[PDB]
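These notes concern the structure reproduced below.
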Ligand SMILES: [Zn+2]
Ligand SMILES: [Zn+2]
């Protein structure tokens, strides 16, 4: 009964973590 | 499951990953 | 990388022990195990039985999800490929069993537990031959491993996968690309 | 390694793990990674990112707090308190610095960030009011003499010791382990 599960969208503490993680990592890369 | 009680690794994921590292370290040597 | 923390979750956490395991994991496992990209495959009955169980899991998931357009073709193609690939894998694993001396023969005979499909000539031929003495199986296999070299089963498996993730990508809600 | 891309694909993108608890070691590792904890600033200062990081830091603080229920790791407890408060205050300080350096100043996000993370502190932040809006040139070196006042090295230290202290207390008292 979440509307992002409804919408087939990525909405997780894991998701927020990983995404933040790779914003940092592509800050690293260039 | 009686393995959660015992703090033991018992998952389809666990079997998968372990099989993964048996294959990969079979490769390495 | 620190990605292992994530791995530390999957392999080692209470909440992920008793949890559904998706099909793309079994896909990636098959592709990886058989190096789908010439035998760096690890033949040990635990490993092969597990792998065959994931293969079976993929076949069932594909089957059930498959419940103008004729994917009759994709379906029966996938059927041929699955049965011939699995029969091949069980064959080669039986071969690796035979090559070893002495033979762990009770794991052998029962190896065809789910894997030894009930077409009984493949196997009764396979096992009458259980205990003549070793050269016979070593050059029976080395007669047969230039019959149908592994390359061909690599091909069969690879198209079973490619077919499967095609059908799943199209009809059902699937994606396999990052 | 498609066999790892599969795992990340699960975590970031799967139904069963969207609405699922995130354990503390993931947030630990996230802090270690984010602030490059090791024996010097490739930290990415963005209010989304930094607020997220402070949220996981706070999450660690809470789990550490609650889980702490001959040895006297009271000492470890109060130590961890000192370290946490000084670390968080530091992170918010440097993030405020990074907000200030930019011209024009996005000050509604600035104030907001100081109303979510600057209340464990005192009211010298009203000072920030008046330096919120004097002009950039006097200010950037009104700000930049402070990293030989409070160089990042020391807050790197404080954070690293907060973490190692924390997972010490957790490893000893509670049933935690961290090595593969
Ligand atoms: Zn949802
Ligand atoms: Zn269990």
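Restricting region A:6-30 to residues that are within 12 Å of ligand 1 (Cβ to nearest atom), in a helix (DSSP H, G or I) and surrounded by 14 or more Cβ atoms within 10 Å (Cβ to Cβ) leaves a set whose member that is farthest from the chain's Cα centre (by Cα) is A:13. Within region D:124-153, being over 18 Å from residue D:106 (Cβ atoms) and surrounded by 12 or more Cβ atoms within 10 Å (Cβ to Cβ) holds for D:142, D:144, D:146, D:147, D:150, D:151, D:152.
If I filter region D:158-173 for residues that are part of a loop (DSSP other than H, G, I, E, B), away from chain C (no Cβ under 14 Å) and loosely packed, with under 12 Cβ neighbours inside 10 Å, do I get at least one hit? Looking through region D:158-173, none of the residues is part of a loop (DSSP other than H, G, I, E, B), away from chain C (no Cβ under 14 Å) and loosely packed, with under 12 Cβ neighbours inside 10 Å. All conditions in (1) farther than 21 Å from residue D:82 by Cα; (2) assigned to a helix (DSSP H, G or I) hold for residue D:177, with the sole exception of (2). Residue pairs, Cβ under 7 Å, 6 or more apart or interchain, first in region B:12-29 and more than 7 Å from every other protein chain (Cβ to nearest Cβ), second surrounded by fewer than 15 Cβ atoms within 10 Å (Cβ to Cβ). List them. Qualifying pairs under 7 Å: none. Considering (1) loosely packed, with under 12 Cβ neighbours inside 10 Å; (2) more than 14 Å from every other protein chain (Cβ to nearest Cβ); (3) assigned to a loop (DSSP other than H, G, I, E, B), the lone condition that residue D:121 does not fulfil carries the number (1).
Each value in this text was obtained by applying a stated rule to the coordinates, not by laboratory testing. All Cβ positions, even for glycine, are placed from backbone atoms using ideal geometry, and neighbour counts span all protein chains on display.
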